[PDB]
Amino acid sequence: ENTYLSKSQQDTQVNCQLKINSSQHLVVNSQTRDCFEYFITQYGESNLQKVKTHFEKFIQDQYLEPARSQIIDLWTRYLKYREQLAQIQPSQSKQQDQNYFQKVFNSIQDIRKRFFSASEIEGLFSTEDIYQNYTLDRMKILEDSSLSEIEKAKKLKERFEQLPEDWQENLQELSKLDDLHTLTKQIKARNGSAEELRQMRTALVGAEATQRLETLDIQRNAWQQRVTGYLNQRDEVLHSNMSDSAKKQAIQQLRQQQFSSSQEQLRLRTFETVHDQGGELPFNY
């Protein structure tokens, strides 16, 4: 692979996961793109020729006929695509308006129809497109200032539900951490029972996690109270009729009697600095 990769890839695998059909015909999927992009990355380290050399030499040694042909064919039409993406001129308008981003996207769509067919366009981009359109759409639903926020929120939820289920599950997975905070902070802002919290957790993460989460709560309580009770003793030493070196020594001694490892000694500084300046200590946000 040292013959195909650039100096920066000398520590990776080749992303070319090209799906062949039940008759050895390249089926264009989202990965087909990833494959090209993989080599394209070499540009900037390589010249445009080497980027072709490498790619061709790789496909030759991996796949045969007929797919081979189709591959290089589509590759050529993809490169000439990359270059022909410079043929999109900036339209005159408030460069921070959807009707802009939309057009800027349209311009590309039209270029794609210059090098690919519906089927190929679908195979190479569809996936990404879904999200792009999802993102664009939201913008217009937010910029539509003829709707109440309560309505916008509704349209957002409705638009979300229109995505292919996959995306919903994935996004919900990528937002799980936030969902946890949301409910943890809501349920606790009105003093719910430990059981309610337990169910809420058991629901979103499961028993196994719930338990370690409970384990964490405790560890934080501890840490928190240690610092709490620590700064109190530090303040007493600060407001004492002693000398600087004596206060620093007393403090040091208190710090070594509660915070042994170098690690805790760092974190402490964080709270120290915040406290000394009358800021709220960072435990909950």
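Sequential numbering from 1, following the sequence displayed.
- Note on 191-199 vs 88-96: mean CA B-factor is higher in 88-96.
- For the pair 28-36 and 241-249, the mean Cα B-factor is higher in 241-249.
- When the Cα B-factors of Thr273, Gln263, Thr12, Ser22 are read from the PDB record, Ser22 comes out highest.
- Placement of the Cα temperature factor of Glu83 within the chain: lowest third of the modelled residues, per the deposited record.
- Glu120: CA B factor lies in the lowest third for its chain, per the PDB record.
- Ranked by C-alpha B-factor against the other modelled residues of its chain, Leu48 falls in the lowest third.
- When the modelled residues of the chain are ordered by their C-alpha B factor, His181 lands in the lowest third.
- Among the modelled residues of its chain, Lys157 has a C-alpha B-factor that falls in the highest third, as given in the PDB entry.
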